[PDB]
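Ligands are counted one by one from 1 in listed order, and the atoms in each one are counted from 1 as well. In what follows, chains are A, B, ... by sequence order, proteins preceding strands, each numbered from 1.
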Protein chains: 2
Amino acid sequence: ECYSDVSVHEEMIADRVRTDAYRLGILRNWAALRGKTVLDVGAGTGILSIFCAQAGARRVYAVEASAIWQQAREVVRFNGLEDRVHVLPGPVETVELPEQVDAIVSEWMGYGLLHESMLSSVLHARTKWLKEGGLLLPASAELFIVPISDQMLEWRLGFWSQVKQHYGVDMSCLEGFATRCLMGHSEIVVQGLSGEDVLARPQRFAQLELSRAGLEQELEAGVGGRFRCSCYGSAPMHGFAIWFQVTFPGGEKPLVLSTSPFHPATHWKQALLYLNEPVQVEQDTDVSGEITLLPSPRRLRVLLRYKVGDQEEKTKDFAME
Amino acid sequence: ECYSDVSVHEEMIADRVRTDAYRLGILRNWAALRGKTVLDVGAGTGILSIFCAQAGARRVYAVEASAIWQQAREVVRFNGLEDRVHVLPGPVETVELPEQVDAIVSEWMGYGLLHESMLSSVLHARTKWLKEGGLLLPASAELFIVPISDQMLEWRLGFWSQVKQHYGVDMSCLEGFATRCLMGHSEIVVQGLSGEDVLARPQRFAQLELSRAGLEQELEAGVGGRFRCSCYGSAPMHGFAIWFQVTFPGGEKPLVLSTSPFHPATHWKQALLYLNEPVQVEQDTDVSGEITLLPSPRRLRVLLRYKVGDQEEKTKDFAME
Ligand SMILES: Nc1ncnc2c1ncn2[C@@H]1O[C@H](CSCC[C@H](N)C(=O)O)[C@@H](O)[C@H]1O
Ligand SMILES: Nc1ncnc2c1ncn2[C@@H]1O[C@H](CSCC[C@H](N)C(=O)O)[C@@H](O)[C@H]1O
Ligand SMILES: CN(C(=O)c1ccc(Br)s1)C(c1ccccc1)c1ccccc1
Ligand SMILES: CN(C(=O)c1ccc(Br)s1)C(c1ccccc1)c1ccccc1
């Protein structure tokens with residue numbers, strides 16, 4: 001019953017930005033990887049493991065907990081690489097490796113609990129299996145937030161006004177209802193924005209250096225921080241967008257994979273935090289606040305306290321289950 | 001927590017083909033409706049009820065079981081029609097009307113159990129509340145089936161062959177897996193096709209005249225029948241598409257709302273039955289079989305026995321839960 005399995009792995013490989021960034025991030029470290037050993041945490045279909053062999057690794061351990069490992073096994077055998085890449089089924093927390101490894105590669109990033117604890121698995125495997133001063137791909141992640149005006153939401157909120165022009169019945173009185181339903185919930189909406197949706201300069205509110213011990217302990221408290229920015233022009237602000245980038249160390253200068261709305265589109269899109277209703281901003285309107293991401297029913301909470309212009313500080317907390 | 005509520009009613013009103021067909025189907029019966037009384041079964045946001053008032057009905061009972069009735073109440077009041085259109089919350093099976101009605105309007109059609117038992121509610125309300133020889137909008141429904149080659153599926157099945165040209169790893173060995181996962185399930189896939197996907201002349205396999213008593217009893221056994229057609233040219237046949245049309249009686253000649261892939265696109269799209277793997281057809285290849293739709297865990301079963309060319313008869317049964 002594996003049509004969900006296929007959709008997910010298809011979507012990732014079809015993301016050229018994601019797939020090339022890993023390819024090149026990995027290849028550009030050929031000097032550190034040639035003749036060395038690698039652990040791919042959550043190998044999926046095995047393509048990251050095989051980039052590691054392309055880059056010259058002598059031995060790669062591709063560990064995959066879920067059913068897709070069979071397919072990873074088939075792809076490695078079919079590419080004549082079973083003597084260099086060993087697909088091991090099961091969680092990385094209990095896999096038995098013969099040796100400590102020179103590098104770890106993982107694609108752990110995304111939005112929700114699956115991804116918070118995929119990163120915990122990557123830290124666990126750093127601690128347990130990676131050599132003092134070993135190579136992490138990617139090595140770091142940064143998080144960004146900015147006020148947004150969402151055109152797709154603007155269009156949906158005004159649709160009820162358009163009905164009169166088209167079917168000669170007035171439904172503009174349902175604008176209030178559409179707003180409550182589309183903005184009044186407490187869910188993270190994962191949606192792709194364009195540059196034109198962005199109302200100020202993006203602000204970095206957190207950096208995670210994966211190399212650091214006590215990052216695990218530091219994530220107990222939950223990642224976040226303060227932000228301040230100034231709007232560019234007149235707009236109905238719908239809320240905030242949040243996205244990440246990760247960094248692969250270079251030979252060269254580092255390679256950055258960004259999920260920003262200014263950069264080309266990825267299957268990750270961006271994570272949207274809607275206020276309960278739109279608020280009109282103008283050129284130089286100050287937008288500040290504080291954002292905390294932390295786990296909790298097992299749920300990832302997003303705590304937001306924010307201030308727009310001369311309006312009062314407000315709290316809106318979000319969740320993903 | 002009503003963002004699902006909004007998406008559904010938005011999608012329906014945004015369907016011009018659906019909304020105009022009801023508008024015109026209803027208006028073209030102005031002579032039978034003017035000064036008469038109407039029951040709208042599942043009034044939703046009330047737009048069908050208000051088309052009935054536009055067409056000249058003296059009194060319309062808009063019955064809506066779910067939360068959206070508040071919004072129907074707001075839209076009628078705001079259009080100054082509360083003296084002609086009475087929104088009644090609750091199931092139609094237990095609503096108390098003062099009088100028997102001259103006409104019933106409903107949008108009950110779709111794919112799955114919600115829609116099988118929405119039609120049962122429309123038959124229940126015909127029996128209970130509609131006058132001898134009263135008007136039903138729509139009055140009938142017909143079901144069609146044809147062999148299809150799905151381009152979107154063809155593209156997805158070949159994606160794994162394209163990987164070598166792009167990221168220098170061969171994953172063509174996953175074609176078998178993608179096929180099992182995308183075609184080997186037993187689900188109805190609701191997807192929009194184009195004319196070019198269609199491999200023979202569509203065949204009508206059932207007609208439902210809503211006016212007929214014992215239709216309720218006849219639906220116990222389940223609607224379906226035999227079909228036979230001849231393919232147009234060489235193609236990988238992926239399975240069958242099924243769709244409906246409904247008929248509004250005219251003043252004039254009847255109005256037909258079709259969800260065919262040859263007609264303009266609707267939010268209903270078409271219902272797809274994939275074989276477990278593709279089978280190559282050629283010009284004049286005979287495709288015959290038998291299709292039964294019937295209810296059952298409460299699930300709507302689709303029983304298909306079919307024969308392609310000189311291949312043996314096969315059974316594939318599907319479900320929707
Ligand atoms: N603790 C764990 N140990 C091993 N695999 C894990 C894991 N937690 C999650 N996974 C697996 O990690 C994968 C995340 S998506 C994997 C992407 C992969 N690098 C690719 O190129 O396709 C899933 O296949 C999931 O089942
Ligand atoms: N037995 C029943 N009695 C009354 N309403 C019902 C019902 N079964 C389903 N419904 C309602 O029928 C609707 C189906 S969609 C309604 C479309 C509506 N004519 C429009 O123009 O928007 C839903 O709102 C559903 O809650
Ligand atoms: C897993 N994470 C998320 O689901 C979210 C990120 C943004 C939103 Br809004 S929710 C986070 C994350 C990781 C560890 C602990 C807490 C949060 C992440 C971090 C870096 C990069 C990507 C994600
Ligand atoms: C509700 N129905 C469906 O879910 C399906 C139709 C096509 C597929 Br494949 S499943 C049917 C239907 C209605 C009553 C009894 C049995 C089936 C329908 C009929 C006419 C028009 C539309 C739908």
Does any N/O atom on B:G112 come nearer than 3.5 Å to any N/O atom on ligand 4? yes

For ligand 2, the portion of [X] having any non-hydrogen atom under 4.0 Å away:
| X | answer |
| --- | --- |
| B:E10 | neither |
| B:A65 | both |
| B:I68 | side chain |

Polar atom proximity, B:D40 to ligand 2 (N or O, under 3.5 Å): no

Consider every N or O of B:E107 and every N or O of ligand 2, then say whether any pair is closer than 3.5 Å. no

Over all heavy atoms of both residues, which pair between B:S106 and B:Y22 is shortest? Give the atoms and the distance, please. O-OH, 2.6 Å

Restricting to heavy atoms, the pick from B:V246, B:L143, B:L300, B:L119 nearest atom 14 (C) of ligand 4 would be B:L119

Given B:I291, B:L293, B:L123, identify the one with the heavy atom nearest to atom 12 (C) of ligand 4. B:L293

So if I count the atoms of ligand 4 from 1 in the order they appear, which ones are less than 4.0 Å from some heavy atom of B:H115? 1 (C)

In terms of atom number and element, which parts of ligand 4 are under 4.0 angstrom from non-hydrogen atoms of B:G110? 1 (C), 2 (N), 3 (C), 4 (O), 22 (C), 23 (C)

For B:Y111, which part has a heavy atom under 4.0 Å from ligand 4: side chain, backbone, both, or neither? both

Using side chain to side chain donor-acceptor pair (under 3.5 Å) as the criterion, list what pairs up with A:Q270, not counting sequence neighbours. none

Residues passing the side chain to side chain donor-acceptor pair (under 3.5 Å) test with A:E142, sequence neighbours excluded, are A:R204, A:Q245

